[PDB]
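A short reminder: the numbers here are calculations on the coordinates, not readings from a lab. For neighbour counting, all protein chains shown are included, and Cβ atoms are generated from backbone atoms with ideal geometry for every residue, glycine included.
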Amino acid sequence: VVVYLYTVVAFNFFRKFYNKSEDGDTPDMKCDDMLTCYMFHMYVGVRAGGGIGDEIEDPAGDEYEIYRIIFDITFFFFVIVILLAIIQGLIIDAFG
Amino acid sequence: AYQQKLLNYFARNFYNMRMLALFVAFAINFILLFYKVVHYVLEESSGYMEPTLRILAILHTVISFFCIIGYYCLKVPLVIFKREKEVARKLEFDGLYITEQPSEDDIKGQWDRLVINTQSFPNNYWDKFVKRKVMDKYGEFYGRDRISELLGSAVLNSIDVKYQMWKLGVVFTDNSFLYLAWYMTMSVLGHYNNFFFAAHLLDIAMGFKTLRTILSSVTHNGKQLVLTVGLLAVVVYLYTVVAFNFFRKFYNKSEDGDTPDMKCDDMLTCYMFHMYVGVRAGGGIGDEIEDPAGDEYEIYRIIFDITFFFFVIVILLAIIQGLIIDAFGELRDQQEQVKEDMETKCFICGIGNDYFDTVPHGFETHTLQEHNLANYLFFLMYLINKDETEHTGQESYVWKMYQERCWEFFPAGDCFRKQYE
Amino acid sequence: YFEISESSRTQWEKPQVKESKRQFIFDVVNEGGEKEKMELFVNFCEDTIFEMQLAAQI
Ligand SMILES: Nc1ncnc2c1ncn2[C@@H]1O[C@H](COP(=O)(O)OP(=O)(O)OP(=O)(O)O)[C@@H](O)[C@H]1O
Ligand SMILES: Cn1c(=O)c2c(ncn2C)n(C)c1=O
Ligand SMILES: [Ca+2]
Ligand SMILES: [Zn+2]
């Protein structure tokens, strides 16, 4: 759910940051359609370790940059530091 | 009557209903994933989905409205009771609107001054003498005519409008009704848009038991948590002061002088760099920084490289995580402790667990056939319907004890067989 | 020994008030002193009568 609620944020409000191109050489691929944002997030942004701020472009001088870091930090420590660890904290006790 | 019978259908079917309003709120957010970009819906399974999301957003909104109609009939007379009771007890026993005159604190306690004046002030309290008792009680210290001044088609201007404005006041303070009003408009504001419509997944969290477990776990574990998050903002800042005064030339985001190289050492853009990059790195700071090659600060570079790592990432980040892993640990431990500090000891006799397992299978018999708190509720109902003349020796010794508010008569810790045999 | 009624027997089994038992059970087996616990139990018992009167209007 909380991954999906971040997908709703990025697709409505942050959608131009996703690129898999070699700076316009390839006809640049997107990850902001309806589902290919979400299936991108749960496949990449979970396993990253840097949250979402590792397979995404950099906020340079944009007018969304202050709202970019808030989305950058609170993706991290709400999903990776907290929500992934208490998943692991169960099975470590469930084998216990 | 059909207006009344259909309204009585809603208060009957309430918990049945909101369980369905969750299941619809999945079905939008199972379908709202089918966008493409202006925003438009595609199709893979059914040819038509623009009809479904049109009809469901109407079907959701009325079912959101059939709860707030049903809740106004069902639980509002309960909350109109427990409000009206605690006024009439305190005005009779200590007389706060006669003697204490309550201050600016607890405004809602001072809100109940538009109701003591009205006619129907014991509307649902089964006790219509709260006006006459206090005039009987406090007419010796205060004037009785002061007290009576203090107390007291064809129907549209022949109803107590001053009572309803107080009745509207005690409704809007209630939290559960307030949540239903917000859950109504977020169906209506999710009819303009549809992405500020997915705030109906909040119903997953805000149940009942999982709500008061969180509010207990916050007051028990929040003050430690914030001040350990607040510690992390300091020791990052104390490293920012070090790097900006003493190490500032190492930060680059250029392709070796091709771009007119960007810096991160001004005043704040060192610090906002550190807490955005150096925390989430895993290699501390030594991953988005240049290499100490042969510099005369290289020995002081590695010290800043190691002691950024294991003071912030290995230690300070882990004991942040070590709290919330335990703070969710009380979200299962607390609801289980209720279910097992109820089965050890009984409610009223308070005896315990072993003392009715010494006989074969006795604790269910000692509870469900001797003490059984519902039977005590059925007892207090029994003195109500029974006439006052007909009470026996027990049922009038109890009933006079219950009038004078005593409660010595409960079997405190010495239930029946613990004195017999 | 006394007489539990018939209509008052089914109405406590109604899920209308079977919720209100479960909220009251949860709030006294938690923190609260036993010198006022039975005080709180009777204040539960007074309003639980009032839910029986509503469920008779059904
Ligand atoms: N004085 C008491 N009166 C009644 N039940 C008691 C008392 N003391 C302890 N209990 C325990 O409370 C339990 C309530 O029954 P149980 O929880 O199994 O069914 P329920 O009440 O319908 O379920 P729920 O609690 O979910 O409503 C009983 O098992 C009983 O062991
Ligand atoms: C009239 N009446 C009472 O007088 C009463 C009561 N509960 C306690 N008392 C004292 N109930 C439910 C009641 O209806
Ligand atoms: Ca008699
Ligand atoms: Zn008992």
| field | Cross-link table B:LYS82/B:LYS133; B:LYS82/C:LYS14; B:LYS137/C:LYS21; B:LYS418/C:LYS14; B:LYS85/B:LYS400, entries beyond 27 Å C-alpha to C-alpha | value | B:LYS137/C:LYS21; B:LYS418/C:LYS14
| task | Mind putting a number on the dipole of region A:56-96 about its Cα centre? Charges go on the C-beta only, +1 for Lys and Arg and -1 for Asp and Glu, and I need it in Debye to the nearest 20. | result | 320
| request: Note down, for region B:295-421, the three equivalent ellipsoid semi-axes (square root of 5 times each alpha carbon gyration tensor eigenvalue), biggest first, whole angstrom. | output: 63, 19, 12
| request: For helix A:65-79, report the angle its Cα long axis makes with the longest principal axis of the Cα atoms of chain A; keep it between 0 and 90° and round to the nearest 10°. | output: 20
| query | Kirkwood Rh, Cα Rg: Rg to Rh for region B:221-373? | reply | 1.41
| remark: Longest principal axis of chain C (C-alpha) makes with the long axis of helix C:37-55 (C-alpha) an angle, in degrees to the nearest 10, of 20
| query | What's the exposure ranking of B:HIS391, A:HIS41, B:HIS371, going from fewest to most Cβ atoms within 10 Å? | reply | B:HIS391, B:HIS371, A:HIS41
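Could you tell me what % of all Cα pairs in region B:5-49 have separations over 17 Å?
Cα-Cα pairs of region B:5-49 separated by over 17 Å account for 54 percent.
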| request: Would you mind computing Rg(Cα) / (2.2 N^0.38 Å) for chain C, counting N as its residues? | output: 1.26
| On average, how many beta carbons from a partner chain sit within 10 Å of the beta carbon of a residue in A:28-34? | 3
| task | Please give the per residue volume of the convex hull enclosing the alpha carbon atoms of chain B, rounded to a whole number of Å³. | result | 355
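Two-decimal Rg/Rh of region B:20-165 from alpha-carbon positions, Kirkwood Rh?
On the Cα set of region B:20-165, Rg over Rh gives 1.30.
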| said: Among B:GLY70, B:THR52, B:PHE34, which residue has its Cα furthest toward the positive end of the charge dipole of region B:31-90, with +1 on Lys/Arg Cβ and -1 on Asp/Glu Cβ? | reply: B:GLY70
| query | Helix A:2-13 sits at what angle to the longest principal axis of chain A, using alpha carbons and giving 0 to 90 degrees rounded to 10? | reply | 10
| For B:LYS223, which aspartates and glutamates qualify as cross-link partners when the Cα separation must be under 17 Å and same-chain residues fewer than eight apart are set aside? | B:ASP326, B:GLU330
| remark: XL table B:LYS90/B:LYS128; B:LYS75/B:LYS386; B:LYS108/C:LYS18; B:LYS75/B:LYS167; Cα-Cα > 24 Å flagged, in table order, is B:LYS75/B:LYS386; B:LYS108/C:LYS18
| Once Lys and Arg get +1 and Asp and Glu get -1 on their Cβ, which of B:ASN353, B:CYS415, B:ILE384 lies farthest toward the positive end of the dipole of region B:325-415? | B:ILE384
